[PDB]
Amino acid sequence: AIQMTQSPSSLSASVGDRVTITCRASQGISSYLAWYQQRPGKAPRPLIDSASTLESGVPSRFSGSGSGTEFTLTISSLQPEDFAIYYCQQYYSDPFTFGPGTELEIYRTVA
Amino acid sequence: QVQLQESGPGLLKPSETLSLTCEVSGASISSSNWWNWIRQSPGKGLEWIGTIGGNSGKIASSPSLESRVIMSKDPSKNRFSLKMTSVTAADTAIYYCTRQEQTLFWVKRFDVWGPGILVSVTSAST
Amino acid sequence: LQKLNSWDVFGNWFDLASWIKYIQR
C-alpha cells in the first residue's frame, strides 16, 4: 500500500482567507492525485483530479498543485460552504488509498 | 449523468455475510468503467475495499479484506454487487458504491458516488 | 506481488466474455 498523509488534521479560518491543505505520499505518484470535499452527512464530492485539474461544478477559487510526493489544495477565498472535511486520494497504484482527512471549521466556538 | 444507488439490508448479525447491490442509472455495467465499493468508518476511516471491471471482470480488493470480500456484476439487471464475510462488528460502517472512468492504460478518480448505505452488525434495533 | 496493472485496464476496453460465448454457440 501507499501511505497517504495530510497536514494539518485541523485548521480554523474565516471567510476571505487563503487556506491551504497539503497532502503527502510514500512514493512519487506523478499527478495521479484527487481531492474530495465531504460536508459531513452526505457522501464525498470530487473537487480536483490529476492534482491540478478541477471537476465540473467546482468554484474557480479552488486550486490544486503538485506532481510527485507532496501536493497542495488551495482555496483562494474561504466561503460559508467550504467548512467541510477534505480528503486527498492517490490512484497511481492499487490498493487505492486516501489521506487521513483535513478538518476546516469557523470561528467563535465553545472550543 | 451516471447515478449510483446502493441497496441491500442494513441489518446484520456478527460473523456472517452481508450483500449490497449498486444500481447504475446512467451507463451500462458492461462498459470501459470500473465499479468500486468504498468503506467509511469514523475510526477506521475512508477505505477502498474493492473494484471490478465492467468488460474484463478483473477483480481487485484491499489486502486486508481480499480474504473475506467478493465482487460481482449483473449486467442483465444493470447492477453490481459486493459481499463481505466474517463480518466483525468493527466493519460496521457506511458503504458507498463508486466508479472510475479510465484512460487507455490506467484508472481515474472516483467521479461519482452513491448516497452511502449504513449497515450495522448487531442483534438490536436502531 | 501481482497487482492491478495497465494490461488489465487496457483489457477492460474489450468484453471478451460476451464474444467467447458467441463462439461457444
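Residues numbered from 1 in each chain as written, not as in the entry; some residues may be left out. Chains lettered and ligands numbered in written order. Heavy atoms only, no water.

Participant: Explain the interface of chain B and chain A to me, and be specific about the residues and the numbers.
Facilitator: Facing 18 residues of chain B, the contacting portion of chain A comprises 19 residues. A per-residue breakdown of the area chain B buries against chain A is headed by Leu46, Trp106 and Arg109 of chain B, which together make up 39% of the total. Linking chain B to chain A there are 2 salt bridges. For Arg109 of chain B, the salt bridge goes to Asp49 of chain A, with nearest N and O atoms at 3.7 Å. On inspection of chain B and its partner chain A, the count reaches 6 residue pairs in polar contact. Secondary-structure elements contributing two or more residues to the side of chain B that touches chain A are β4 (34-41), β5 (45-53), β9 (93-102) and β10 (107-113) of chain B. Considering every element that reaches the side of chain B that touches chain A, the biggest residue donor is β10 of chain B, with 6 residues. (Contact = heavy atoms within 4.5 Å. Buried area = accessible area lost by both parts, 1.4 Å probe. Salt bridge = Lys/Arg side-chain N within 4 Å of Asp/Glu carboxyl O. Polar contact = N/O pair within 3.5 Å; in protein donor to acceptor, adjacent residues only side chain to side chain. Helix = DSSP H or I, 4+ residues; strand = E, 2+ residues; numbered from the N terminus.)

Participant: Quick one: what's the story with the packing of aromatic side chains, residue by residue and with numbers?
Facilitator: Remark: the centre distance and the inter-plane angle together describe each pair of aromatic rings, the angle taken between the planes. By the definition in use, this model includes 16 aromatic pairs over all chains. Ring centres 5.2 Å apart and planes at 65° place the aromatic pair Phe96 of chain A and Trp48 of chain B in the edge-to-face group. Remark: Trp48 of chain B occurs in strand β5 and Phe96 of chain A occurs in the loop between β8 (85-90) and β9 (97-98); the pair is interchain, linking two chains. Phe96 of chain A gets classed as buried once you look at its relative accessible area, which sits at 2%. Accessibility expressed as a relative area gives 2% for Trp48 of chain B, which makes it buried. Aromatic ring contacts, followed pair by pair, group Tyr36 and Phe98 of chain A together with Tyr96, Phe110 and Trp113 of chain B into a single cluster. (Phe/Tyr/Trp six-rings, centres within 6.5 Å; stacked < 30°, edge-to-face > 60°. Buried < 20%, exposed > 50% of the residue type's maximum accessible area, 1.4 Å probe, protein only.)

Participant: Help me get a handle on unusual backbone geometry, residues and values and all.
Facilitator: Between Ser7 of chain A and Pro8 of chain A the backbone carries a cis peptide bond, its omega angle lying at -10°. For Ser15 of chain B, which is not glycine, the phi torsion reads 40° and is therefore positive. With respect to the secondary-structure elements, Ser15 of chain B resides in the loop between β2 (11-12) and β3 (17-24).

Participant: An account of the pairing of β8 of chain A is requested, with residue identities and associated values reported.
Facilitator: Residue and element names in this part refer to chain A. Of all 6 residues making up β8, 6 are buried, and the element is well covered by its neighbours. On β8, burial covers both faces: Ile85, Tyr87 and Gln89 on one face and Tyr86, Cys88 and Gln90 on the other are all buried. Here β8 pairs with β9 via 2 bridges, running antiparallel. The residue of β9 that forms the bridge with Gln90 is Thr97. (Pairing = 2+ DSSP bridges.)

Participant: Explain the environment of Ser7 of chain A to me, using residue names and the numbers behind them.
Facilitator: All names here are of chain A. Mapping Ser7 onto the fold places it in strand β1 (residues 4-7). In the structure, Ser7 is positioned 99 residues away from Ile106 in sequence and 18 Å away in space, judged by C-alpha atoms. Not counting residues within four places of it along the chain, the set of residues in contact with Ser7 comprises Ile21, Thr22 and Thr102.

Participant: Please set out the side chain of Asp82 of chain A residue by residue, giving values where relevant.
Facilitator: Residue and element names in this part refer to chain A. For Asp82, the position within the fold is in the loop between β7 (70-75) and β8. At 3.1 Å, the side chain of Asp82 and the backbone nitrogen of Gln79 are in polar contact. Residues within four places of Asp82 in sequence aside, it is in contact with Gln37, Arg61, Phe62, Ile75, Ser77 and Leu104.

Participant: An account of the state of the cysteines is requested, with residue identities and associated values reported.
Facilitator: Throughout the structure, instances matching the rule amount to 2 disulfides over all chains. The disulfide partner of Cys23 of chain A is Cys88 of chain A, and the gap between their sulfur atoms is 2.0 Å. One disulfide, between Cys23 of chain A and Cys88 of chain A, carries an S-S torsion of 75° and so falls in the right-handed class. Residue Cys23 of chain A is found in strand β2 (residues 19-25), and its partner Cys88 of chain A is found in strand β8; the two are separated by 65 residues along the sequence. Assessed through its relative accessible area of 0%, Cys23 of chain A is described here as buried. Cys88 of chain A gets classed as buried once you look at its relative accessible area, which sits at 0%. A disulfide bridge connects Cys22 of chain B with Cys97 of chain B, and the sulfur atoms are separated by 2.0 Å. Between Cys22 of chain B and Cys97 of chain B the sulfur-sulfur dihedral comes to about 65°; the bridge is accordingly right-handed. Of this pair, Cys22 of chain B sits in strand β3 while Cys97 of chain B sits in strand β9, and the two are 75 residues apart along the sequence. (Disulfide = S-S within 2.5 Å.)

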